[PDB]
Amino acid sequence: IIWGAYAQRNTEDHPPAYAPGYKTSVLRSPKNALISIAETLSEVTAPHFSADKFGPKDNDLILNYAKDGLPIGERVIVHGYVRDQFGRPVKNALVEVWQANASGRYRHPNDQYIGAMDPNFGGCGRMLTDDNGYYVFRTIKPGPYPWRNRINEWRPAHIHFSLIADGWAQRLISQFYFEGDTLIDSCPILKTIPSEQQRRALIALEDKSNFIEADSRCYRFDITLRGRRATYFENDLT
Amino acid sequence: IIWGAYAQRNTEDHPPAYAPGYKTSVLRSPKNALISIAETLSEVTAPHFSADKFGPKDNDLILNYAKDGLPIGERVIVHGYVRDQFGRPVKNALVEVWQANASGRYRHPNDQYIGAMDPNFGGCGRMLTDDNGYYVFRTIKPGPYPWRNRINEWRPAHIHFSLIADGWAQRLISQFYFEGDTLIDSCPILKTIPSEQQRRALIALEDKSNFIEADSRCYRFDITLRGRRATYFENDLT
Amino acid sequence: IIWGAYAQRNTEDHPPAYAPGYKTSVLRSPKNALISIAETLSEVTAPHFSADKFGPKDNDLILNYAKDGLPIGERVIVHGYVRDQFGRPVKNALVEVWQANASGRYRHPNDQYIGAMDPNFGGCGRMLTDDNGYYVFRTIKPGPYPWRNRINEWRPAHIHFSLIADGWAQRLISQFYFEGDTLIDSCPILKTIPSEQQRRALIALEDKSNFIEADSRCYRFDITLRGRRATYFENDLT
Amino acid sequence: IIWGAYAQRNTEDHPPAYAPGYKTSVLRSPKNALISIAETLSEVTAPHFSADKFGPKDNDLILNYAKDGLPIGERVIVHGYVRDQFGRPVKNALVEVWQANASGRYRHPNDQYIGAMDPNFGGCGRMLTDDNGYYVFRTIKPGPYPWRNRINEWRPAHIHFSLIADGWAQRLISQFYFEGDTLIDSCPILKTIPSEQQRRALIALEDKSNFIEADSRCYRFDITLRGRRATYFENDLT
Amino acid sequence: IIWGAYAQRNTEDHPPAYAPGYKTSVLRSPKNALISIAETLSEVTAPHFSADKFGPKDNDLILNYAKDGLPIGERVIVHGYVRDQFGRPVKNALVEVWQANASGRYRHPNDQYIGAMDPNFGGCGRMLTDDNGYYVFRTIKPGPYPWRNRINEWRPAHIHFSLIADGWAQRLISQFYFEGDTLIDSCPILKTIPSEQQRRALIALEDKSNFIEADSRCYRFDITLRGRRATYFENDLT
Amino acid sequence: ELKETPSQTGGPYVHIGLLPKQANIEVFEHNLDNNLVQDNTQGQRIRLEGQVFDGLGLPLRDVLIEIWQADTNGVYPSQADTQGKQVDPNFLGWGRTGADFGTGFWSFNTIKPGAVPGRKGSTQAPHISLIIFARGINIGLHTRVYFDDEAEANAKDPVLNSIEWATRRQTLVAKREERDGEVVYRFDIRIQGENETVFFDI
Amino acid sequence: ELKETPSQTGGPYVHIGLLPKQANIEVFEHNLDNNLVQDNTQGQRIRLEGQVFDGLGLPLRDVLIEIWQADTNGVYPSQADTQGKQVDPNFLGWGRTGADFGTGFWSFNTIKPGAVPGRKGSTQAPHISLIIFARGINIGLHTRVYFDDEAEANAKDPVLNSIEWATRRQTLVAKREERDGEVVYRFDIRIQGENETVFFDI
Amino acid sequence: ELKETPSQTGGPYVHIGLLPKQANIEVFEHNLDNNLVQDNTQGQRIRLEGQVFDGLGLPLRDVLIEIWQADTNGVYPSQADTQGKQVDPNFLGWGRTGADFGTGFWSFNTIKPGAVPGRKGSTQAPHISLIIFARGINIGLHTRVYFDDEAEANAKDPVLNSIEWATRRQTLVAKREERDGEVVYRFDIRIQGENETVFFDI
Amino acid sequence: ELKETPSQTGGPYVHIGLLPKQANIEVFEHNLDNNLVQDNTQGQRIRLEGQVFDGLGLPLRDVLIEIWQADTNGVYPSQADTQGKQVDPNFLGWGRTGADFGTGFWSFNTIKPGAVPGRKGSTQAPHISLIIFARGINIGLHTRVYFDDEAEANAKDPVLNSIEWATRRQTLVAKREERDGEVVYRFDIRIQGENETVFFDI
Ligand SMILES: [Fe+3]
Ligand SMILES: [Fe+3]
Ligand SMILES: [Fe+3]
Ligand SMILES: [Fe+3]
C-alpha cells in the first residue's frame, strides 16, 4: 500500500477559531482565514516515542504522585480505542492527559480556586496505544471547575487529552466529559462546537460491565483521528 | 493479557428462582437470597474435554441412534456461534443437547405421553465449538410436549442445551425454541424470564439460505456466555 | 401606470457579505454596513441592448466556438422565464452566461486544473429575453470544479449567469446548479445563502418532456428579479 | 471446510426475463420457465486468470487509450469490495467494465449518436480483486445515453461491469449508476428490477473523503455475488 | 415559433394493450412491442373540420333525436376545456361523444339488454372546441351497463368521447365517468389504467354552481392531449 | 405540466358516435364517411380494402378504421403542413369506416398519396397513416400502408428502414389488384400471431 | 446476509468491454478470445458453431457467448475441482466470442470434454456449459451442449434426465459434422417459440 | 409574491462570460467594453481610473467593474427616464471593464455626466453609479463616483448628505488630474479597513 | 466513516499534562523538553526563540509550542518518511516548550533542517513545522518557520508561493542573529491584527 495524504480536516466538525461566547478566543483568534495547503512529507510524518522511557505508573494517576497515602476521590478507570477516520487502529500513539483533582482544583501555580489540594494527587499521566489502538489509564474523577468567562461559569468535570500519532496533520488536543454531567449542556467551551453529534463525541460513557467490584468504576471513550488515503495511481506526495 | 474475574451475572436477564406460574419452582427455590462472592481460581477455571473421546455421529441425532431405518420427522440442521458477552468467541466449549422426538415424546423412563416413540431416534447429542465458537448438529425437529403444570399445559417445540466452557462461572443450561411457534407466547417456563428481549434470545431463527435442497432445513441460534474482564493494574485474583 | 421605486432588496434572501466558510470573502467584504438610500432616476434606469449586435450563435455554446468538430460532453438545453418579484415578465433583459467545459475546466488563463481543455468549446454565451421573459440557450453540461477554499473543495456543476434588465437596482449575478448533484449539499459558496428555500431557487430542474430525442436533454430554470411598485398618489421619485 | 453448492439464486431479487417495458426483451425472453438443477462440479468451478497477462494501465480508462492528450470529462475514481452473500471476500475475481464517454457516446460501430467521440478515450478496462475483494479503477464519468425504447428514452449515466469469480454459478453482468442522477427514476431497464432496495444496490455512492484534491472525485460501489454453503454431513456434490 | 414534434406519449399513463382482466383484450392485443418512430409531417398534421357542416342541435343529445317528446332521464350539461400537456388550449378540435340512454341501453343493433329503449333519445353528438379550448354539450345521464366480461359485470355510467385535433399523434378515444359512482372502483376496463391518479383523470366532477335551476345539473370535465415542443435550434422535422 | 388523458377502448358500440348511419341512427345531416374523393379531387383513384384479424385468425366484425394521408402531390390538407406548397383544395385527406357486421370487410375510396418529405431532408415513400379502434383494444393502434408497386421508394423509406426486424416490413405493404379498370390495394391487418402487422407508437 | 447484486442486460455494445477487438478497440495486449486449444492441449480438436435466434426466428447479431468446460479427462482447470486428478496444464477451459454483426454466426475452437463426475457417485455425459448475454436479455441465460455421438452417455445423464419434458432434451444435443478432416458440432440456440432451447437456473 | 433569486459571487473567471477578449476568447463580433464615448457623443471626455484594494491593502487583480450614467445633460439613455428631455442619441451610458491581471488598474473612457433630478424636486450633483463583482464578493457592491471639481453641487447632494458619518463622504469623491490635455479622475475603492469606501444598498 | 474527534482548547493549565516540571510537578523520570540536540546530533546548532502576541499586542504567558522538523539532511526521523535515506540516528525531530509565565518568551535548542522534497518532484526550502496551543485557542494553530538566510530557497518554496497575498509571506521568515558565537533565529508570532502570522490548515 502506497499512502497518500490525510483526508481534509472537516472544519465543520470543529469549533471555529472565533467564538465570542468563549471570551478569551476574541483576542486569540486569527482574523484571516487559514490557508489550506497540499500535504508534503512534513505534514504526513511524526515523531516516534519508545516505551522504554515511560515509567510503570505513568498511566496510573492514583499512584504516580501518591506520597503518604491515596488520593481522595472517585477511583475510575478510563479506556477505549484510538482509530483513524477510516476505522483503522492507531498504533503506538502518544496519549497525554491532565486534569484537576476531586475538588476541581488543578495542581498549577496559576490556580487559586478555594477547592482543596490533594497532597497525593498530581493530575497527569501518559500512555502509548497498543497494536489495536487500545489505551487504558486509572485516575480520580475530576470535580467541576469554576472559572471566569462570565462571573459564575463552571466547567463540567473533564479530562484534558493530547495525541501525537503517525502524522503531524493528526496532532490533536481536546477534552472529554462524563456521561450524565448536567454542566455539559451549559458549558461555553463545549458549545464552541457547532453540531450536537460532535459534542456527544466528547462524552465518556459509563462502562458498567467493566467496573471492578469494591474497587473502581469504568468509563469508555474512543478517539478518532484523521486518516490517510491510499494511492493507486500517481503518487505526487514527493 | 492478564485476565481478571468474570463480569457479574445480571440477575435481571434471568428468571428468578421463585416463579409461582411454574409450579414446581415453589418448593425447589431457596427462600434465602443467593450470597454473592468475589471470584477465585475455583470460579474462573473449568475442565477440558478432548475431541478424541467423541464419536463421529455424536452431533448427528438423525443417525447416532438409527437402527433399522431413519427417524420419522423434520430433518433440520442447527448451527450458530458461542461468544462471551464481550463478543469474544468461545473455543472448544462442550455443547450437549437433548430433546423429544417428532411426536413430542422423550426417550425417558418417566415419560408416559401417548405420543409415539421412534425406534430410530435417541434424542441426544454433543459437540465442541471450534476456534470461531461455531457449532453445528443435525436432528429431527421436536414436537410440542404436553405436561402437567396447569392440566392442559404445552411446551412449545424446544431443544435442551448445556454448556461447559472456560470458567465454572459460565456453566449454563437452557432451552431454545423455533421461530414462529405460537406456543411460545403462552409457555409458563419461558415466561419465568422477566424481559421480552431476553425471551427472544432463546429463539432459533429460520436460516433459509442455508437450507439444503431436497434434504434439510436450517435454524440459526447463537449463545452468549459471561465474559472475563482484563486486568491492567492490581491482580487480586490470587 | 406611474412607476415608483423598486421594492427593497430583502437582505435575508441573500448571502451576507462576510462568510468565513467562503475564505476569500474575509478580506473582500466591507466591515461597515451598507447605507440604504431612497431611489432616484439613477437607480431605476438601465441601458438598452439592441439585438442587432448579437450573432446567430451567441446563445449556442455547442457551436459558437466549434472549430474542427463538436465539443465533448452532455448536450443540454436550458430555458426558463425571467420575472420580477410581482410576477411580471422581464422583457429584453440581457442574459450572459459562462461555464467550465465537460472536464470542469475553464477556458481562462488563471485556470491550471488538470481537467482537459476542449478545443471546440468556449464556455460563454448571451441572449435577450423575449416579451414573455422567456430565454433559451444550448450548451455542454459543465463538470464539477475542484478549487482551493479548504484543500479538497469541489464546486458542484454550475453555470454562471448575469442579468441587466430595466433598472440598475435589478443588476444581478449568480449561479445555478443541476437537480440531483450531490455536491450541492456541501458547497461553501452555495451555503453562504441563509435559507434552504433560497438555495433551492438556484437549482435547474430536469424538464424531461422537453428532452429532444437522440439529441439533447433539457433543464428548466426561472429567474426572479426585484420589481417596481406602482404609484397612485404622490410621485416623489423626481 | 468442505464446500457444498452455491445458495439458490433468489429470482425475486432480479429482473424477470420478460419485461414489456424494456421492448427488446419481448422477443429475447424464453416462454418456458427456467429448469432448476442441483449443482455439480460444472456449476461450482470457474476459470483462473493470471495477473501476468494484464497491462499496467488496464484499470485506468483515463490513460489506457490516451494518444495525443487526456480524455475530456469528469475525472473519477471508482472502488469498492466484492463479497459473496455470506459476507466472504471474493479474491482474484475478474472484473471487466465498459462505458460511453463524457458525451454519452460509445466507441462502437453500431453507435450513431450525435454525441461527440473522444479520440483519447476507449471506454473499457479490467482488474482482478485483491485478497480482501477490493477493486479500483479510474475513468471519465459517462454521460447519459439516448436510445430507442420509446422514442425519447435516456439511459442514466452508467458503467457496465462483468464478473467471473470462483464458481460458474456466480457469473454476473450488470450496470451501476451514480448517486443523485435524476434519470435513475425513469429508466425502463433499471425498472425491470422488482424491488426498490435492489435498484438502490446498483447505485455508486459519492465517497467525498476519498476525493483527491485538484484531481479526481470518487465513488464507492460494492458488489455481492452468490456464496457457497459449507457441508458438515453428507457431501453429495460428487 | 417553429414547432417541433409532439412530446413522447408516456406509456405509463395509459393502459397496456394486454389486460387479462379485460377479456377481449387477450386476443386483440399485439404480442410484439410497438415500434417507436421519430415524427414526420405525417404525424404532426391532422384534418380540419368546418363548423358549417354541423347542425344546430349536434351538441344537444336531449333534442337532436327527439321526435314526439323529450327523452326520459336526468337532464345534465357537460362542459370543460381541452388543453395540450403544456397547458395550451386546443382550438377547433372535433369532439364526438356517444352513450347509452337512461336505462343503460345503447341504440345499437348488437345491444340486446333488457333495459328499455327511449324513442326520443339517440345517444350521439359532436362539437368543435372554441378558441379557449372550451366545449359544451347537453344530454341525459347514462345508466350503468351490464356486460359479459365476467358474467355479472357492470360498466359504471359513462360517456364515450373521441378527439381529432391538430396532430395525428394526438388522436385519442376514451371514456369519462361521473363523480361518486360506486361502480367506478370495480370496473375491469377502468382498471386497465395503471395509476390511481390517471383513473381519476377520467371522472367528471359535479359543478353545482353551474346547475341551471329547475332545469339541468352540470358536470365539469377537462381533457388533456399531447403537446408539441418548440424548436429553437435545428429543425429536423423536414 | 399535465398528463395526457388516459385512453379507453372505443367499445363494441363505437358506431353510435362515430358512424351513426351504420348503427341506423340518422341525426346528422352531414355524416363523415370513407369517401375521400370529391368531384375535383386530383390523382388516381384507388380503393383500399381488407380485414382485421384477431389472435384466432378471426376477423373483427366491430372494428372502426380511420386513415390520414397527403394529396396527390404529397401535401397534407393541414395548417401544420410546412411545405409551403398549395394543397389540393378538394381533399380532406381523412376518412373513417367500419368493418361489415357480417363479413368483417372494410374499405375506403381515396387517392394514392404523393411522396412526403421525411426528417433531415429525406423523402418518404407514399403511405397512408391508419388507426384501429375496437372492443378489446385499449389504445388506438397506429400503422402505415405502403404500396407494393412503389418498391423502389419503399426500399429507401426511413420509417420502414427503422424497423430492424426486416421480415416484418412486408406486413406494411398492400398488394395492388385491378377489378376491371379500378385499382385496388388489399391490406389485411393481423393484430396477433404470425405475420402480425407492425404497429407504431407515434 | 446480503442479497446478490441484481442483473442487468449486457446491452448492445457489450463488445466494448468484453471483446474490444471486435469493436475495433486495441487497448489490451492480451485479449481473451474463443480459442481454447493451445499448442500442447490434449484431446481431439472440435469446432463449436451455430446461431442464436429470437422469437421471430431471426438471429441475434449482437449476442455474446462464453463456454466453460473440463479437459479431455473430465477435470476442470479450477481450484474448485475436487477430483484429485491433475488437469491439463495447457487448458484454460473457458472461452468467449460474439456473433458476427452481419451473419449472426458464432464459433469456438476447443476440445471435446471428458466425462465429469455427477452428484451421488453418478457420471455426467460430456458437456460444455454455455451462457448467453445480449441486449434484451436481462440475466445471462445458462444452457448445456451435449454431443449426438455420445448417445449412450446422454441417455444416462442426470441433468438431461432431470428434465421431465423428454422432447425438450434434444434441444441440448449438438450435431456432429466433418468439414473435410475437422470435427464440427452445430448448436443452434432458440430463445423463444418452437424447439425453444432448454435454459437452466444453476 | 416571489423572492428575488439569491446572489452568488461572479467567481475568479467572471471574464469568460462578461469580458471574453480579456480571457482570450473570440466568440462575439460585438464585444461590450469600457468605452462609452462614440464619434458624435456630446460632453467633455474624461477618463475614470483607479484600483480596488482588499483588507490587506492589496489590489484585486480579478475584479470586474461596470458603470451607469446620464449624458452630458443629465438624461439617462433609458426608457425609464421620465424627464421628457431627448437624450444624447450616441450614448449607451453603460460600460464594463476588468482590472489588469498584473497591476490591478482599471479604467473607462467616458463623458462627465450632467446633473440629474433628485427626489422631491431636488437636484443631484453629477455622479456615476458603479458596481463591483469579483471572487470573494457575494453580492455586487454598489457605490457612486462624484467629482472634486463639483464641490458646490456635492455639498447639496441628497445622497451624500444622507450619510450621517460625514467623514466618509469624501471616499466617494474622485480627484481630477490632467495627463497633458486629457482630464482624468482617479477613484480608488477600498473594500475594507481605513478609508473604506461607502457602499450602498440601492 | 467516522468523524474526527472535535478539538477543544488546551486550557490555561496545559502545562500540567504536557510540561509537568514547568508546573512544578515531578512525576516522570523522562520529561519531554525543548532540546532536540543530543551529543552526536549532526548539523549546525541553532536557537529558535520569540514570543506570541494576542490582538492587543500583548504576549501570551500561557502558550505551549511544539515543533517538528527533518534532520540536517532533510530526512524526517519518522517511519512515514519515504526518501529511502538513513536519518540521523540521534535526532527525535520534535520538541515542546512553554512561554515564560513572566516574560512570555519561548525557545528551542535545535538544528537547522536540510531541504525536504516537495510534491511533484519539487524541493522545499528548509523549514520547521510549528504548532500553538493555549487558552482561547480552540484548535492548535499550524504555521512554518523559514530562515532569512535562505532567501534563494524561500523564493522557490512551493508552500510560500501558494500564498497569493505576497506581503504575508515574510511573516513566516525568522531573522538570523548571533549572540556571540551562537546562531539565533528570532520568530515572533502574531495571532491577530497587523502583520498577523500566516496560519495553515494542513
Ligand atoms: Fe360503453
Ligand atoms: Fe450502456
Ligand atoms: Fe465557477
Ligand atoms: Fe480544564
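Chain C is numbered as in Swiss-Prot, which gives 4-241 for the residues shown.
The way this entry was determined, per its header, is X-ray crystallography, 2.2 Å.
Just so you know, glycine gets a Cβ as well, placed from its N, Cα and C.
Some features that Swiss-Prot has for this protein:
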| type | residues | note |
| --- | --- | --- |
| BINDING | C:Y109, C:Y148, C:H161, C:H163 | Fe cation binding site |
Against chain H, in sequence order - binding-site residues C:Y109, C:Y148, C:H163 with Cβ under 8 Å: C:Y109, C:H163
C:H163 (Fe cation binding site) in three-state DSSP notation: strand
Local backbone state of C:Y148 (Fe cation binding site), from DSSP in three classes: strand
Proximal but sequence-remote residues of the same chain as C:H163 (Fe cation binding site) (Cβ under 8 Å, at least 6 apart): C:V100, C:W101, C:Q102, C:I176, C:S177, C:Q178
Nonlocal neighbours by CB distance (under 8 Å) for C:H161 (Fe cation binding site), same chain, sequence gap 6 or more: C:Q102, C:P145, C:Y148, C:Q178, C:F179, C:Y180, C:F181
Under 8 Å by Cβ from C:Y109 (Fe cation binding site), same chain, sequence gap 6 or more: C:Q102, C:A103, C:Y116, C:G126, C:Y148
